[PDB]
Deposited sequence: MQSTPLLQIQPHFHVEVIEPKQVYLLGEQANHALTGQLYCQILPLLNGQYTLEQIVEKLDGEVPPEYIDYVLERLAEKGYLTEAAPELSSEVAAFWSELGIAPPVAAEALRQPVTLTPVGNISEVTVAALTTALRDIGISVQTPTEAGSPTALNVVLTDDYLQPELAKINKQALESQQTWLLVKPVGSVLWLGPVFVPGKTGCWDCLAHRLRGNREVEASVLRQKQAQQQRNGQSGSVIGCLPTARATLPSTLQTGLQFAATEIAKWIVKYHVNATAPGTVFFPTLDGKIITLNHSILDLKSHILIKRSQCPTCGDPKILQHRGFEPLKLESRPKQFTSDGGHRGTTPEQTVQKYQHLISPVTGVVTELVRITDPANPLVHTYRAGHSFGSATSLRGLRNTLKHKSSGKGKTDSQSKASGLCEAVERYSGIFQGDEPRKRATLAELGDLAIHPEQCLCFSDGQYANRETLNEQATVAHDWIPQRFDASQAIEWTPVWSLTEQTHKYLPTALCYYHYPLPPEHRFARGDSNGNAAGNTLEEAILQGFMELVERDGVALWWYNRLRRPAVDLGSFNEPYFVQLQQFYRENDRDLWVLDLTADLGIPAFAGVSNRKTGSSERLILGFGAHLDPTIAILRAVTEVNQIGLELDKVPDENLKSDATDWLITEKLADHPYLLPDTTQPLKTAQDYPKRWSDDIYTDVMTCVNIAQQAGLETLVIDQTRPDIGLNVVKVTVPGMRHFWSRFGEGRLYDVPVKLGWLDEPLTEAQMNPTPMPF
């Protein structure tokens, strides 16, 4: 029956041949003299037969159909719905939905289920808000859950039932200063509530910690206290609009699958902060390993399957901007893993680029431990703005992927029964028997936390071993899981390790990540041989490399009251490794700062070093010495260049140049890795890789380990730290443990 042009269009007629259709979101122009004649009869007040009568002796009715047909063909035309007001009709048409369809869709009913401390009156208000837009409640196609917190334990049960029942449902938190709205869970399609929750527990470490502390003295805390009746109503009503939108979208999709496009809260969480005023959209990822809906058993299989590398032709395979774009969605403090990614340095500086990235790992059982988490955040390093951004993002994801979740590849056994394939943790840690004997006294007095000494390994005890891949021998070996992931819970009487970040790296491909990891190892190994033997190294002529950034950067420091030079740390592997060093020429303290970097391309290696000097030292010079809460505070304030002659270059030796570093890289990242593994082999070293990648993340993350190679922390076990300097002729005879550098590497 009755016919109208889309009711969300104001219809304006310009007499000769022009009719303008004006929408809030869009505008249209109609050309034709007949359009002017007909369209004022398309207000929704006329029928074809009354249309044709009005113009009798004006237009041919045969023609009219041709207009109507073409308007209908182009989709400016619909049948008006008597059920709805013009405004309501207009809303759905602006989403591209016909009024008669909307009316039919809204007839559908919904359920409302409160959880936590949501009032029955609150539920009445939502019910009312739904009613006023023509939605009814059954006391279904959708279940709406009202909570005061997304981690209310009752939600776990509603979720499992919804999964077994295949019930689509929506979550909303309208109480509190921050409205949470969504997601709509659609079992078998959407992210899981538990898979959302997994993310959330990590993001609220402080809250998560308090409960741990609480149980010791012995699942969520109600912080949703700040609530105006206007914010509450703002959230219920807003939710009601989105509920309708889902219902309408769902209804049509059954009849005409994939025909509607406007977004719904399916897999999204919207947070509207009422206090500071900001609305953010948070994307929920369906975790393939979600115990509740996924298959947690995956990561086990993959660990015990071989590692298949395949060739991939600043070597990083794709642009930083591209890497950021696709992995941006992990930057959310709700659904995400990275809390933020913020430029810390001034943009007007085209040389210094440093990004802060918020970070979420902490199991701290005490306030003091809680201070240390939150404090320590990953960071971005780059020659350019774009490169720094990717570094900060990828480093944050790097650490998270390393955190022991509890589904990692493992098996319980002892060293003797594993035997040949098993690898003893003292081969990796390389602590001295003196250190292990004086743990409590040494650990008790330390200026640096990472210099912690674990309890000795007790080979008699069964432990969980994780299968690592050996690239040299092309088969599975085994390390104690405690070294392969962060925060592996060990018994209080067998804390023989703390998983470190050395060798850890992210990448757009496995080979890319493994490559960076191997270099990280070489970096540290190089620094260790240099620092704890206190060797005098040659400087690097930064002009001999076809890259001005070094030279410009040096000048920057001078203008900012500093000198910047670079030392050569290339050891027996022959892989370019360097240390960037800088001291302040005035002020209260000298503020010595260090940066390290290794790469087959020595230009990249130096660049890594110098940028890691920017990352660490530069922001702090703005601070008076009395405000420093850095872990390297004491170092920065009291230490001096004179007291550490192994920091400034040896004028006895000549400056290194670009021609002193042979090219051993190719056009392939896989070939580069295979080069590194064989360089390590000729030195008698095995190269191991564990795939820390997470399916719900995507970005590859690995930990590379090369047993024997040194960490730049104070670990004075027998091995390369003593021997390598002699084999190269840097020393005539090995130093003693008692002769190693008493001052820990502070960064």
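Annotation: deposited residues 1-4, 144-150, 230-239, 335-341 are not represented by C-alpha coordinates in the model.
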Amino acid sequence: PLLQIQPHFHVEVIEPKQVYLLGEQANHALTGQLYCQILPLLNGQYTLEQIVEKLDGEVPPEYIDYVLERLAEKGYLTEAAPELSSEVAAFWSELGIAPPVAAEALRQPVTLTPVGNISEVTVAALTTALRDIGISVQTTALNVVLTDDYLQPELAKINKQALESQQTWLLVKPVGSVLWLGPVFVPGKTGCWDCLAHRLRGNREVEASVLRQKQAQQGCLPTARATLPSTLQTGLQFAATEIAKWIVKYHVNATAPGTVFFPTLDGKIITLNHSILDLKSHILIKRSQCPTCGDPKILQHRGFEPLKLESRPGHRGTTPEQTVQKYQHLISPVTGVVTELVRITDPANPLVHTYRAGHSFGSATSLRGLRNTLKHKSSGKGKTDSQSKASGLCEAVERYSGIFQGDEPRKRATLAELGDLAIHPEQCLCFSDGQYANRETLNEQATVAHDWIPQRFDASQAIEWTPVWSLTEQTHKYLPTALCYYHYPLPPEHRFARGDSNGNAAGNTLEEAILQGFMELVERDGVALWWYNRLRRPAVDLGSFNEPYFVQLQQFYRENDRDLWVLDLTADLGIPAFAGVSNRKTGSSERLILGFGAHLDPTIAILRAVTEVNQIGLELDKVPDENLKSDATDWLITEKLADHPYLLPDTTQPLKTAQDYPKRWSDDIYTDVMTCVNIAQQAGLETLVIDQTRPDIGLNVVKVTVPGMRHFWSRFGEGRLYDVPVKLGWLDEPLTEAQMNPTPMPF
From here on, numbers count along this sequence of modelled residues.
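Looking at 239-247 and 522-530 together, the entry lists the larger mean B-factor for 522-530, computed on C-alpha atoms.
The PDB entry records a higher mean C-alpha B factor for 632-640 than for its counterpart among 196-204 and 632-640. Taking the PDB entry at face value, the top CA B factor among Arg316, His487, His599, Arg131 belongs to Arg316. Residue set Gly176, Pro492, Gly294, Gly362: peak C-alpha B-factor at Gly362 (per PDB entry).
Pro40: CA B factor lies in the lowest third for its chain, per the PDB record.
In this PDB entry, the Cα temperature factor of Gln33 sits in the middle third of its chain's modelled residues. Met709: CA B factor lies in the middle third for its chain, per the PDB record.
Sorting the modelled residues of the chain by their CA temperature factor places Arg456 in the middle third.
When all modelled residues of the chain are sorted by CA temperature factor, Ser288 is found within the lowest third.
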